[PDB]
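I have placed the structure first, in the form of structure tokens, so that the comments after it can refer back to it.
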DNA sequence: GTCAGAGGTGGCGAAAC
DNA sequence: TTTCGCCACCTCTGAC
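In the entry's author numbering, the protein residues as written are 150 to 198.
Take a look at the structure:
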């Protein structure tokens, strides 16, 4: 990961992000149109699964 | 009436105490 | 454990 981040940061225009929680991850996914539903709660995530 | 602004609320995560 | 901040959306009221 750390070497990967170094490799990416040296490039131009690419954005790298690391998530400390799955929720933030899910949020970015939803915002980008990757998921149909916004998985705010645990229960939601359960449903999806 | 719709959309934007404004604010609030709520959730989750982070940090500190 | 609380607080704080951030983020997102929804609610509420103004403006177009």
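Where a beta carbon is used, it is the ideal one built from N, C-alpha and C, also for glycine.
Quiz item: For residue 151, which three-state DSSP category applies?
Solution: As a position in the first chain, residue 151 is number 2, starting the count at 1. Residue state for residue 151 is assigned as helix, using DSSP reduced to three classes.
Quiz item: For the alpha helix (DSSP H) that residue 168 lies in, which residues bound it at each end?
Solution: Within the first chain, residue 168 is the residue found at index 19, counting from 1. Counting along the chain, residue 168 falls outside any alpha helix (DSSP H), and DSSP gives it neither H nor E.
Quiz item: I think residue 165 touches residue 157, with their Cβ atoms under 8 Å apart; what is that distance to the nearest whole Å?
Solution: On the first chain, position 16 is the one that residue 165 refers to. On the first chain, position 8 is the one that residue 157 refers to. Right, their Cβ atoms sit about 5 Å apart.
Quiz item: Taking buried to mean at least 16 other C-beta atoms within 10 Å of its own C-beta, is residue 153 buried or exposed?
Solution: Taking the first residue of the first chain as 1, we reach residue 153 at position 4. Residue 153 comes out exposed.
Quiz item: Leaving out five residues before and five after residue 179 in sequence, what residues of the same chain have Cβ atoms less than 6 Å from its Cβ?
Solution: Residue numbering aside, residue 179 sits at position 30 when the first chain is read from its first letter. Correct list, in chain order: 187.
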